>>> print(open('entry.txt').read())   # compact mmCIF, C-alpha atoms and all ligand atoms
# COMPACT_ATOMS: atom_id res chain seq x y z
CA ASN P 683 -49.41 0.34 -41.35
CA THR P 684 -48.71 -0.59 -37.76
CA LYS P 685 -45.87 -2.93 -38.73
CA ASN P 686 -43.88 -0.08 -40.29
CA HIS P 687 -44.58 2.36 -37.41
CA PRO P 688 -43.84 0.59 -34.15
CA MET P 689 -43.02 3.85 -32.35
CA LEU P 690 -46.28 5.51 -33.36
CA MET P 691 -48.06 2.27 -32.44
CA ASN P 692 -46.53 2.47 -28.97
CA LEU P 693 -47.76 6.05 -28.56
CA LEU P 694 -51.24 4.98 -29.59
CA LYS P 695 -51.22 2.02 -27.17
CA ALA A 201 -75.66 15.00 -33.25
CA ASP A 202 -74.77 18.02 -31.05
CA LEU A 203 -72.18 19.95 -33.05
CA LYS A 204 -71.59 22.72 -30.51
CA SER A 205 -70.84 19.94 -28.01
CA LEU A 206 -68.43 18.17 -30.41
CA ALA A 207 -66.62 21.48 -30.90
CA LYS A 208 -66.32 21.97 -27.14
CA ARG A 209 -64.98 18.41 -26.62
CA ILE A 210 -62.32 18.98 -29.26
CA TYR A 211 -61.38 22.37 -27.73
CA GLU A 212 -61.14 20.83 -24.25
CA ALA A 213 -58.94 18.03 -25.64
CA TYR A 214 -56.65 20.63 -27.18
CA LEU A 215 -56.36 22.66 -23.98
CA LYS A 216 -55.59 19.45 -22.05
CA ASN A 217 -53.02 17.91 -24.40
CA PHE A 218 -50.87 20.83 -25.68
CA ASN A 219 -48.55 22.54 -23.28
CA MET A 220 -48.66 25.75 -25.32
CA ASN A 221 -51.84 27.44 -26.39
CA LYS A 222 -52.41 30.69 -28.10
CA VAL A 223 -53.64 32.70 -25.13
CA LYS A 224 -50.63 31.54 -23.06
CA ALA A 225 -48.25 32.38 -25.89
CA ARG A 226 -49.75 35.85 -26.22
CA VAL A 227 -49.57 36.42 -22.45
CA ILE A 228 -45.82 35.74 -22.70
CA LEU A 229 -45.12 37.45 -26.05
CA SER A 230 -46.62 40.58 -24.50
CA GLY A 231 -45.06 40.73 -21.03
CA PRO A 237 -39.73 37.30 -19.50
CA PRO A 238 -38.38 34.69 -21.91
CA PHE A 239 -34.67 34.65 -22.65
CA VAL A 240 -33.92 36.21 -26.06
CA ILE A 241 -31.69 34.27 -28.47
CA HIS A 242 -30.59 36.75 -31.11
CA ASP A 243 -26.89 35.84 -31.70
CA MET A 244 -24.33 33.17 -30.92
CA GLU A 245 -23.51 34.57 -27.47
CA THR A 246 -27.15 34.41 -26.39
CA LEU A 247 -27.65 31.00 -28.00
CA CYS A 248 -24.82 29.64 -25.89
CA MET A 249 -26.20 31.28 -22.73
CA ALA A 250 -29.68 29.86 -23.45
CA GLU A 251 -28.24 26.40 -23.93
CA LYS A 252 -26.59 26.54 -20.50
CA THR A 253 -29.78 27.70 -18.75
CA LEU A 254 -32.51 25.85 -20.71
CA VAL A 255 -30.92 22.70 -22.19
CA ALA A 256 -27.99 22.37 -19.74
CA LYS A 257 -27.40 18.61 -20.26
CA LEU A 258 -26.95 19.16 -24.01
CA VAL A 259 -23.81 21.24 -23.50
CA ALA A 260 -22.48 19.82 -20.22
CA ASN A 261 -19.73 18.72 -22.59
CA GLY A 262 -20.89 16.47 -25.44
CA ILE A 263 -22.01 17.86 -28.79
CA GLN A 264 -20.97 21.09 -27.08
CA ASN A 265 -18.20 20.76 -29.70
CA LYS A 266 -20.69 20.30 -32.53
CA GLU A 267 -21.62 23.29 -34.66
CA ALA A 268 -24.26 25.61 -33.27
CA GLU A 269 -26.58 24.72 -36.17
CA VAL A 270 -26.41 21.02 -35.33
CA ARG A 271 -27.04 21.72 -31.63
CA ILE A 272 -30.11 23.75 -32.55
CA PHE A 273 -31.25 21.01 -34.94
CA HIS A 274 -30.98 18.43 -32.15
CA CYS A 275 -33.06 20.61 -29.85
CA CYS A 276 -35.65 21.03 -32.58
CA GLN A 277 -35.85 17.23 -33.05
CA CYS A 278 -36.50 16.81 -29.32
CA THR A 279 -39.28 19.38 -29.49
CA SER A 280 -40.87 17.63 -32.46
CA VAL A 281 -40.75 14.29 -30.63
CA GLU A 282 -42.57 15.93 -27.69
CA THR A 283 -45.10 17.54 -30.03
CA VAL A 284 -45.86 14.25 -31.81
CA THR A 285 -46.66 12.75 -28.41
CA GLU A 286 -49.02 15.63 -27.59
CA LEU A 287 -50.70 15.30 -30.99
CA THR A 288 -51.18 11.59 -30.51
CA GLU A 289 -52.89 12.17 -27.16
CA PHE A 290 -55.05 14.84 -28.79
CA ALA A 291 -55.95 12.56 -31.69
CA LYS A 292 -57.02 9.80 -29.30
CA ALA A 293 -59.46 12.29 -27.75
CA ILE A 294 -60.97 13.34 -31.11
CA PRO A 295 -64.45 11.77 -31.06
CA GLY A 296 -64.33 8.69 -33.32
CA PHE A 297 -60.55 8.49 -33.86
CA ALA A 298 -59.99 5.69 -31.36
CA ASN A 299 -62.61 3.55 -33.13
CA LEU A 300 -60.64 3.51 -36.34
CA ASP A 301 -58.48 0.60 -37.29
CA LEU A 302 -55.04 1.05 -35.72
CA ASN A 303 -53.43 0.96 -39.17
CA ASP A 304 -55.56 3.95 -40.16
CA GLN A 305 -54.81 5.75 -36.90
CA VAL A 306 -51.10 5.39 -37.68
CA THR A 307 -51.53 6.59 -41.26
CA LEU A 308 -53.57 9.65 -40.27
CA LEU A 309 -50.96 10.59 -37.65
CA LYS A 310 -48.05 9.99 -40.03
CA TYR A 311 -49.37 12.41 -42.65
CA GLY A 312 -51.16 14.87 -40.36
CA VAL A 313 -48.66 15.57 -37.58
CA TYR A 314 -46.41 18.00 -39.49
CA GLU A 315 -49.33 19.89 -40.98
CA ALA A 316 -50.67 20.30 -37.42
CA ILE A 317 -47.21 21.21 -36.11
CA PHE A 318 -46.79 24.03 -38.61
CA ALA A 319 -50.32 25.29 -37.98
CA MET A 320 -49.70 25.35 -34.21
CA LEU A 321 -46.26 26.90 -34.66
CA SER A 322 -48.09 30.02 -35.87
CA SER A 323 -49.47 30.59 -32.38
CA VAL A 324 -45.94 31.09 -30.98
CA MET A 325 -44.62 33.23 -33.87
CA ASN A 326 -44.66 36.94 -34.48
CA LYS A 327 -42.88 38.84 -37.22
CA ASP A 328 -39.70 39.07 -35.12
CA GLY A 329 -39.29 35.55 -33.80
CA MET A 330 -40.75 32.56 -32.03
CA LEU A 331 -41.40 31.51 -28.43
CA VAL A 332 -39.58 28.24 -27.61
CA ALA A 333 -38.54 25.93 -24.78
CA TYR A 334 -41.93 25.72 -23.06
CA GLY A 335 -42.31 29.49 -23.14
CA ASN A 336 -38.90 30.25 -21.65
CA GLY A 337 -36.98 31.39 -24.72
CA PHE A 338 -37.58 33.57 -27.76
CA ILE A 339 -35.42 33.05 -30.85
CA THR A 340 -35.30 35.82 -33.41
CA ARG A 341 -36.31 35.30 -37.00
CA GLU A 342 -33.12 37.08 -38.12
CA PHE A 343 -30.91 34.81 -36.01
CA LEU A 344 -32.41 31.76 -37.70
CA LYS A 345 -31.80 33.31 -41.11
CA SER A 346 -28.15 33.86 -40.07
CA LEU A 347 -27.41 30.16 -39.63
CA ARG A 348 -25.35 28.42 -42.28
CA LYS A 349 -27.12 26.61 -45.10
CA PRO A 350 -29.08 24.42 -45.05
CA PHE A 351 -30.22 25.15 -41.51
CA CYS A 352 -31.23 28.77 -42.24
CA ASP A 353 -33.68 27.40 -44.81
CA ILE A 354 -35.89 25.50 -42.35
CA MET A 355 -37.90 28.13 -40.51
CA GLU A 356 -38.42 31.03 -42.91
CA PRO A 357 -41.29 29.39 -44.89
CA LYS A 358 -42.98 28.64 -41.56
CA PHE A 359 -42.78 32.28 -40.49
CA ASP A 360 -44.25 33.26 -43.86
CA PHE A 361 -47.14 30.84 -43.43
CA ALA A 362 -47.63 31.98 -39.85
CA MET A 363 -47.85 35.71 -40.56
CA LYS A 364 -50.80 35.22 -42.89
CA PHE A 365 -52.37 32.50 -40.73
CA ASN A 366 -52.16 34.81 -37.69
CA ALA A 367 -53.87 37.57 -39.69
CA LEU A 368 -57.03 35.42 -39.67
CA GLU A 369 -57.24 36.12 -35.92
CA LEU A 370 -58.27 32.61 -34.94
CA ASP A 371 -58.47 31.61 -31.32
CA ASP A 372 -57.80 28.22 -29.67
CA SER A 373 -61.47 27.16 -30.10
CA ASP A 374 -60.98 27.52 -33.87
CA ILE A 375 -57.43 26.11 -34.05
CA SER A 376 -58.42 22.98 -32.13
CA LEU A 377 -61.01 22.17 -34.78
CA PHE A 378 -58.63 23.03 -37.60
CA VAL A 379 -56.02 20.63 -36.17
CA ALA A 380 -58.70 17.91 -35.84
CA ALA A 381 -59.73 18.47 -39.47
CA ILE A 382 -56.07 18.17 -40.52
CA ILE A 383 -55.75 14.83 -38.75
CA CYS A 384 -59.11 13.37 -39.86
CA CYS A 385 -58.34 13.49 -43.55
CA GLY A 386 -59.68 10.81 -45.84
CA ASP A 387 -57.31 11.34 -48.77
CA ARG A 388 -54.11 10.25 -47.07
CA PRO A 389 -52.27 7.51 -49.00
CA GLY A 390 -52.89 3.94 -47.91
CA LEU A 391 -56.00 4.26 -45.76
CA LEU A 392 -57.91 1.00 -45.30
CA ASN A 393 -61.41 2.25 -44.46
CA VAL A 394 -61.52 5.28 -46.72
CA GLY A 395 -65.28 5.65 -46.59
CA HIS A 396 -65.42 5.62 -42.81
CA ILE A 397 -62.65 8.19 -42.63
CA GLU A 398 -64.31 10.40 -45.24
CA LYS A 399 -67.49 10.41 -43.15
CA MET A 400 -65.51 11.24 -40.02
CA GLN A 401 -63.80 14.05 -42.00
CA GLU A 402 -67.14 15.40 -43.24
CA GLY A 403 -68.38 15.43 -39.67
CA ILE A 404 -65.39 17.28 -38.26
CA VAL A 405 -65.37 19.72 -41.16
CA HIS A 406 -69.06 20.43 -40.59
CA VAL A 407 -68.34 21.11 -36.88
CA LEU A 408 -65.59 23.52 -38.05
CA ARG A 409 -67.89 25.27 -40.57
CA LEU A 410 -70.64 25.90 -38.02
CA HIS A 411 -68.15 26.99 -35.37
CA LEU A 412 -66.58 29.58 -37.67
CA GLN A 413 -70.03 30.92 -38.54
CA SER A 414 -70.73 31.34 -34.81
CA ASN A 415 -67.30 32.54 -33.64
CA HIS A 416 -66.40 34.72 -36.66
CA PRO A 417 -69.65 36.24 -37.94
CA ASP A 418 -67.64 39.16 -39.26
CA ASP A 419 -65.64 37.04 -41.83
CA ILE A 420 -67.97 35.29 -44.26
CA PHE A 421 -65.10 33.61 -46.10
CA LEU A 422 -63.20 32.23 -43.08
CA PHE A 423 -64.12 28.58 -43.81
CA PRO A 424 -62.82 28.52 -47.42
CA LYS A 425 -59.78 30.52 -46.29
CA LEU A 426 -59.03 27.71 -43.83
CA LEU A 427 -59.56 25.00 -46.44
CA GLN A 428 -56.95 26.79 -48.53
CA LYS A 429 -54.60 26.96 -45.51
CA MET A 430 -54.91 23.19 -45.18
CA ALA A 431 -53.79 22.80 -48.79
CA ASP A 432 -50.96 25.29 -48.21
CA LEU A 433 -49.84 23.23 -45.19
CA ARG A 434 -49.73 20.01 -47.20
CA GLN A 435 -47.43 21.74 -49.66
CA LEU A 436 -45.33 23.23 -46.86
CA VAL A 437 -44.87 19.76 -45.36
CA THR A 438 -43.95 18.16 -48.69
CA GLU A 439 -41.26 20.80 -49.10
CA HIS A 440 -40.10 20.49 -45.49
CA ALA A 441 -39.76 16.72 -45.86
CA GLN A 442 -37.55 17.23 -48.92
CA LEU A 443 -35.30 19.59 -46.99
CA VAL A 444 -35.08 17.19 -44.04
CA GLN A 445 -34.02 14.45 -46.48
CA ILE A 446 -31.23 16.69 -47.79
CA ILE A 447 -30.09 17.43 -44.24
CA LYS A 448 -30.14 13.81 -43.02
CA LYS A 449 -28.29 12.62 -46.12
CA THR A 450 -25.58 15.35 -46.27
CA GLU A 451 -25.06 16.37 -42.58
CA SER A 452 -23.58 13.60 -40.37
CA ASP A 453 -24.18 15.33 -37.04
CA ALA A 454 -27.84 15.74 -38.00
CA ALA A 455 -29.01 12.13 -37.81
CA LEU A 456 -32.77 11.88 -37.30
CA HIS A 457 -34.33 10.72 -34.08
CA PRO A 458 -35.94 7.28 -34.71
CA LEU A 459 -39.57 8.49 -34.20
CA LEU A 460 -39.04 11.24 -36.77
CA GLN A 461 -37.34 8.87 -39.21
CA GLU A 462 -40.36 6.57 -38.86
CA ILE A 463 -42.77 9.43 -39.66
CA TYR A 464 -40.79 10.72 -42.66
CA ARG A 465 -39.96 7.27 -44.10
CA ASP A 466 -42.14 6.64 -47.19
CA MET A 467 -44.11 9.81 -46.51
CA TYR A 468 -43.54 11.89 -49.68
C1 LIG P 701 -36.77 18.72 -36.30
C2 LIG P 701 -37.10 18.56 -37.77
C3 LIG P 701 -36.19 17.48 -38.39
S1 LIG P 701 -36.94 20.10 -38.68
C4 LIG P 701 -37.85 21.26 -37.61
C5 LIG P 701 -39.20 21.08 -37.27
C6 LIG P 701 -39.78 21.97 -36.39
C7 LIG P 701 -39.04 23.03 -35.86
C8 LIG P 701 -39.64 24.00 -34.84
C9 LIG P 701 -39.30 23.37 -33.44
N1 LIG P 701 -39.44 24.34 -32.33
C10 LIG P 701 -38.29 25.12 -31.93
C11 LIG P 701 -37.45 24.50 -30.80
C12 LIG P 701 -36.26 25.39 -30.46
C13 LIG P 701 -35.54 24.92 -29.18
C14 LIG P 701 -34.49 25.92 -28.74
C15 LIG P 701 -33.27 25.95 -29.66
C16 LIG P 701 -32.25 26.98 -29.20
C17 LIG P 701 -31.80 26.62 -27.80
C18 LIG P 701 -33.00 26.58 -26.87
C19 LIG P 701 -34.00 25.53 -27.35
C20 LIG P 701 -40.71 24.59 -31.76
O1 LIG P 701 -40.85 25.42 -30.91
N2 LIG P 701 -41.79 23.81 -32.26
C21 LIG P 701 -43.12 24.02 -31.79
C22 LIG P 701 -43.44 23.45 -30.41
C23 LIG P 701 -44.89 23.78 -30.04
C24 LIG P 701 -45.91 23.31 -31.08
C25 LIG P 701 -45.53 23.71 -32.51
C26 LIG P 701 -44.07 23.41 -32.84
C27 LIG P 701 -37.70 23.20 -36.19
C28 LIG P 701 -37.11 22.31 -37.06
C29 LIG P 701 -38.52 18.07 -37.89
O2 LIG P 701 -39.04 18.02 -39.04
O3 LIG P 701 -39.14 17.73 -36.85
>>> encode(input="entry.txt", output="structure tokens", more="lines below")
Ligand SMILES: CC(C)(Sc1ccc(CCN(CCCCC2CCCCC2)C(=O)NC2CCCCC2)cc1)C(=O)O
Amino acid sequence: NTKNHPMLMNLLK
Amino acid sequence: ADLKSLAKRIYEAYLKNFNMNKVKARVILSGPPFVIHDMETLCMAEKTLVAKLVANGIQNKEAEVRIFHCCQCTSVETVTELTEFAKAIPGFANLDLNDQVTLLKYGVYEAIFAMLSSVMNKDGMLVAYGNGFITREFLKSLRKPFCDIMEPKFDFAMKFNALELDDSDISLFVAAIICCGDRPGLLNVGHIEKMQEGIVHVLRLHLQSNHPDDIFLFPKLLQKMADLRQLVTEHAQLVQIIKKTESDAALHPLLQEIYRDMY
């Protein structure tokens, strides 16, 4: 769930 | 598919993305790092290794809360290293981003506690980018609940270390931890299960090659994965108790995001 994990999303981006 | 080559790519990604590897840690743990074995040496180590933390400011917080803050910083750094490693695992970057997030959320602490074994011996652990060593007895001496955090990790580590794995093995074990198709809430379960089967097969063949003396090493490692899931579920419960009952122990936002709705 990208919406609930913006900080992990940013690391992945 | 070239499984020796997949193993090598994963090993190279692990050497590239983690600042600490097992050969390095053993070079240091032989012989020098600054030894934290009591409150005097904790305070000296803070002034040499984390100077900003105690340049006034939380310098007046309890030693346990200062240590806990430093541990949160280290976990934040390790999650970043694990994310870079995951992106280099063949196939991970082709997954849906929602699934990449889910696999990281559930896998990172299992991988952290596996990798923590490489810097532990029965007397303590190498910390601060190889520049400090904090004794197991010092950690047990902290007030509750903070003395309860590390001891189960040392217990896991002593038996994990007895398997005598090297970095070529551990890299594949960490990849297998991450590429797990039974995490809650995956979208493309079948794709992830096939990726898991592939990584696990790479691990099985590698252990046959690298550890011909130990015919049970693969099922031993499957059991260690299950032990790590349990260790993380318990750790998450303890972190919840700390965050809820200790006001100077608020969680860093990246860690809160990982633990939120985890177990
Ligand atoms: C932070 C929680 C909320 S609880 C938790 C989780 C993990 C740990 C182990 C942290 N640590 C000691 C870091 C000790 C720093 C030292 C303190 C004394 C003054 C000098 C600096 C360390 O070396 N970790 C390795 C990193 C290399 C790769 C493997 C892991 C401790 C507590 C979390 O769940 O994240």
>>> residues_near_ligand(input="entry.txt", ligand="ligand LIG 701 (chain P)", cutoff="6 Å", atoms="only C-alpha atoms and all ligand atoms", output="ChimeraX atom specification")
/A:250-251,272,275-277,279-280,283,317,320-321,332-333,444
>>> write_last_selection(input="entry.txt", atoms="C-alpha atoms", output="short mmCIF file (atom, residue, chain, number, x, y, z; two decimals), keeping the file's coordinate frame")
data_model
loop_
_atom_site.label_atom_id
_atom_site.label_comp_id
_atom_site.auth_asym_id
_atom_site.auth_seq_id
_atom_site.Cartn_x
_atom_site.Cartn_y
_atom_site.Cartn_z
CA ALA A 250 -29.68 29.86 -23.45
CA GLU A 251 -28.24 26.40 -23.93
CA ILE A 272 -30.11 23.75 -32.55
CA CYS A 275 -33.06 20.61 -29.85
CA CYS A 276 -35.65 21.03 -32.58
CA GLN A 277 -35.85 17.23 -33.05
CA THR A 279 -39.28 19.38 -29.49
CA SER A 280 -40.87 17.63 -32.46
CA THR A 283 -45.10 17.54 -30.03
CA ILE A 317 -47.21 21.21 -36.11
CA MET A 320 -49.70 25.35 -34.21
CA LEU A 321 -46.26 26.90 -34.66
CA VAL A 332 -39.58 28.24 -27.61
CA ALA A 333 -38.54 25.93 -24.78
CA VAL A 444 -35.08 17.19 -44.04
#
>>> interface_residues(input="entry.txt", of="chain A", to="chain P", cutoff="8 Å", atoms="all atoms listed in the file", output="VMD selection string")
chain A and resid 285 288 to 289 292 302 to 304 306 to 307 459 462 to 463
>>> residues_around(input="entry.txt", residues="residue A:352", least_positions_apart="4", cutoff="10 Å", atoms="only C-alpha atoms", output="PyMOL selection string")
chain A and resi 269+341-348+356
>>> write_last_selection(input="entry.txt", atoms="C-alpha atoms", output="compact mmCIF listing (two decimals), in the coordinates of the input")
# COMPACT_ATOMS: atom_id res chain seq x y z
CA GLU A 269 -26.58 24.72 -36.17
CA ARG A 341 -36.31 35.30 -37.00
CA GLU A 342 -33.12 37.08 -38.12
CA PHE A 343 -30.91 34.81 -36.01
CA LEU A 344 -32.41 31.76 -37.70
CA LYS A 345 -31.80 33.31 -41.11
CA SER A 346 -28.15 33.86 -40.07
CA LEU A 347 -27.41 30.16 -39.63
CA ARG A 348 -25.35 28.42 -42.28
CA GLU A 356 -38.42 31.03 -42.91
>>> atom_distance(input="entry.txt", atom1="atom CA of residue A:379", atom2="atom CA of residue A:319")
7.6 Å
>>> atom_distance(input="entry.txt", atom1="atom CA of residue A:445", atom2="atom CA of residue A:362")
23.2 Å
>>> residues_around(input="entry.txt", residues="residue A:337", least_positions_apart="2", cutoff="6 Å", atoms="all atoms listed in the file", output="PyMOL selection string")
chain A and resi 238-240+331-333+335
>>> atom_distance(input="entry.txt", atom1="atom CA of residue A:456", atom2="atom CA of residue A:336")
24.9 Å
>>> residues_around(input="entry.txt", residues="stretch 380-395 of chain A", least_positions_apart="3", cutoff="8 Å", atoms="all atoms listed in the file", output="MDAnalysis selection string")
chainID A and resid 210 291 294 297 301 303:304 307:309 311:313 315:316 376:377 398:401 404:405 408 430
